Amino acid sequence: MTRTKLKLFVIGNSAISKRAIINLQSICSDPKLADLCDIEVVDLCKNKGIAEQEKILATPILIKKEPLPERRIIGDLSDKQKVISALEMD
Amino acid sequence: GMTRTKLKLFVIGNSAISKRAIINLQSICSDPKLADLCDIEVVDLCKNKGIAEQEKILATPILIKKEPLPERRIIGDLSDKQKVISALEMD
């Protein structure tokens, strides 16, 4: 079927940044997700115009870019079913 | 009875919201009745790795009142003077 596009936006390299990335990779390891989800990690400090462009304040923030509508969730992604529900990835 | 108010504004780059937060903070601190000894430093997080985690920073722009204790903070472009003043407990 059609792809789900995920972008994880973080500030630098911290304890919370690291475990949000691991948690995302864990979530998308689900066989139902592993071949349909494309994930990018975006450091806000490495493209200086992104926080303004995506209107990002609080981080880490996971944004499901595709398919529309965009869905967002703030935090370290430590609750799988919470993330899936919030991003409508059921 | 003079006591220094120390403010640190942490931003990411030279975006519109960074610009807003900086000039808004400057306007807020321009009030001579607000603080005796108002000291402000603006930190670009992009050029200072490690600072974000040390200040528990997860949102930008963010303004942190280091002095006087206890530490207070507020997130955003600081476009509301009164919210900012009360949030940092500067009366």
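Cut-offs used in this document
Residues numbered from 1 in each chain as written, not as in the entry; some residues may be left out. Chains lettered and ligands numbered in written order. Heavy atoms only, no water. Helix = DSSP H or I, 4+ residues; strand = E, 2+ residues; numbered from the N terminus. Buried < 20%, exposed > 50% of the residue type's maximum accessible area, 1.4 Å probe, protein only. Contact = heavy atoms within 4.5 Å. Salt bridge = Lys/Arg side-chain N within 4 Å of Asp/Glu carboxyl O.

Undergrad: What's the story with the environment of B:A87 in this structure? I'm lost.
TA: Residue and element names in this part refer to chain B. Relative to the assigned elements, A87 resides in helix α3 (residues 81-87). According to the relative accessible area criterion, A87 is partly exposed, its value standing at 29%. Separated by 13 residues in sequence, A87 and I74 place their C-alpha atoms 6.5 Å apart. Those residues in contact with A87 that sit more than four places away from it in its chain are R72 and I74.

Undergrad: I would appreciate a short explanation of the pattern of salt bridges in the present structure.
TA: If charged atoms from side chains of opposite charge come close, those side chains can pair. Applying the stated rule across the entire model yields 17 salt bridges over all chains. Of the charged contacts, one joins A:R71 and A:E88 as a salt bridge, the two residues approaching to 3.2 Å between their closest N and O atoms. Remark: A:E88 occurs in the segment after α3 (80-86) and A:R71 occurs in strand β4 (residues 71-74); sequence separation between them is 17 residues. Using a relative accessible area of 29% as the deciding quantity, one classes A:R71 as partly exposed. Of the residues examined, A:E88 reaches a relative accessible area of 44% and is grouped as partly exposed. Between B:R72 and B:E89 there is a salt bridge; the shortest N-O distance is 3.2 Å. In this pair, B:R72 is assigned in strand β4 (residues 72-75) and B:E89 in the segment after α3, connecting sequence segments 17 residues apart. For B:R72, a relative accessible area of 30% puts it in the partly exposed group. Judged by its relative accessible area of 46%, B:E89 is partly exposed. Each of B:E55, B:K66, B:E71 and B:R73 takes part in a single network of salt bridges with overlapping partners.

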